[PDB]
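*Asks:* Have a look at this one before I ask anything.
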Amino acid sequence: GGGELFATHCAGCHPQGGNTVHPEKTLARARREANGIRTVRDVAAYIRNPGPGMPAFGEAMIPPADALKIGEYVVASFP
Ligand code: HEM
């Protein structure tokens, strides 16, 4: 499940869709979209080449199908 993948790999730094490292860059829809992360595929692609301070999630670690599940959970969970 997308929710479980998020809890495992992302919730530590993005609890409830926030950001413990860079306060301004939360997962809230308006914030992420202002930075070009709008679609499920945008989220999936972003984790492979993220911004400073965020570890990169390669395809070997998180296969395409799972990256999409994470994206599906992110867009629906954080308005
Ligand atoms: C696969 C799980 C994760 C997802 C889905 C995710 C997703 C995102 C997204 C969409 C953004 C906003 C990008 C922007 O607006 O420019 C972001 C930013 C960020 N994430 Fe994550 N993240 C994940 C895991 C992590 C982890 C584990 C950490 C903490 C070690 C982390 C730290 C950050 C930081 C520091 C930023 C700011 C990057 C910058 O300053 O450009 N993220 N993340």
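If you're wondering about the labels, chains in the structure tokens are A, B, ... by order shown, residues count from 1 in each chain, ligands from 1 in order shown.
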Restrict the calculation to only C-alpha atoms and all ligand atoms, then for each residue of chain A with any atom at most 6 Å from an atom of ligand 1 give the closest atom pair and their distance in Å to one decimal, rows by chain and rising residue number, as a tab-separated table.
*Replies:*
```
residue	atom	partner	partner_atom_place_in_ligand_line	distance
A:6	CA	ligand 1	2 (C)	5.7
A:9	CA	ligand 1	2 (C)	4.7
A:10	CA	ligand 1	2 (C)	3.5
A:13	CA	ligand 1	29 (C)	4.2
A:21	CA	ligand 1	35 (C)	4.8
A:22	CA	ligand 1	35 (C)	5.0
A:25	CA	ligand 1	15 (O)	4.8
A:26	CA	ligand 1	12 (C)	5.9
A:27	CA	ligand 1	10 (C)	5.5
A:32	CA	ligand 1	15 (O)	4.5
A:35	CA	ligand 1	15 (O)	4.9
A:43	CA	ligand 1	10 (C)	5.6
A:47	CA	ligand 1	1 (C)	5.9
A:51	CA	ligand 1	41 (O)	3.5
A:52	CA	ligand 1	39 (C)	5.0
A:53	CA	ligand 1	35 (C)	4.1
A:54	CA	ligand 1	32 (C)	3.8
A:55	CA	ligand 1	30 (C)	5.9
```
*Asks:* Considering only C-alpha atoms, return as an MDAnalysis selection string whatever protein or nucleic-acid residues lie within 12 Å of residue 11 of chain A, sequence-local ones (same chain, fewer than 6 positions apart) excluded.
*Replies:* chainID A and resid 2:5 17:20 26:27 70 73:74
*Asks:* Any idea what's packed within 12 Å of residue 60 of chain A, counting only C-alpha atoms, ignoring anything in its chain fewer than 6 positions away? Could you give it as a ChimeraX atom specification?
*Replies:* /A:48,66-67
*Asks:* Write out, as an mmCIF file, in the first residue's frame, the residues just selected, with C-alpha atoms.
*Replies:*
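The resulting file, part19.cif, is reproduced below:
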```cif
data_model
loop_
_atom_site.group_PDB
_atom_site.id
_atom_site.type_symbol
_atom_site.label_atom_id
_atom_site.label_comp_id
_atom_site.auth_asym_id
_atom_site.auth_seq_id
_atom_site.Cartn_x
_atom_site.Cartn_y
_atom_site.Cartn_z
ATOM 1 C CA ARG A 48 14.832 9.724 -7.679
ATOM 2 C CA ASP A 66 5.949 1.391 -5.706
ATOM 3 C CA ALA A 67 7.064 4.948 -6.489
#
```
*Asks:* Would you compute the distance between atom CA of residue 16 of chain A and atom CA of residue 62 of chain A? Give it in Å to one decimal.
*Replies:* 20.9 Å
*Asks:* Considering only C-alpha atoms, can you say which of A:56, A:65, A:30, A:7 comes closest to residue 79 of chain A?
*Replies:* A:30
*Asks:* Interatomic distance between atom CA of residue 69 of chain A and atom CA of residue 8 of chain A?
*Replies:*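 Interatomic distance, atom CA of residue 69 of chain A to atom CA of residue 8 of chain A: 12.7 Å.
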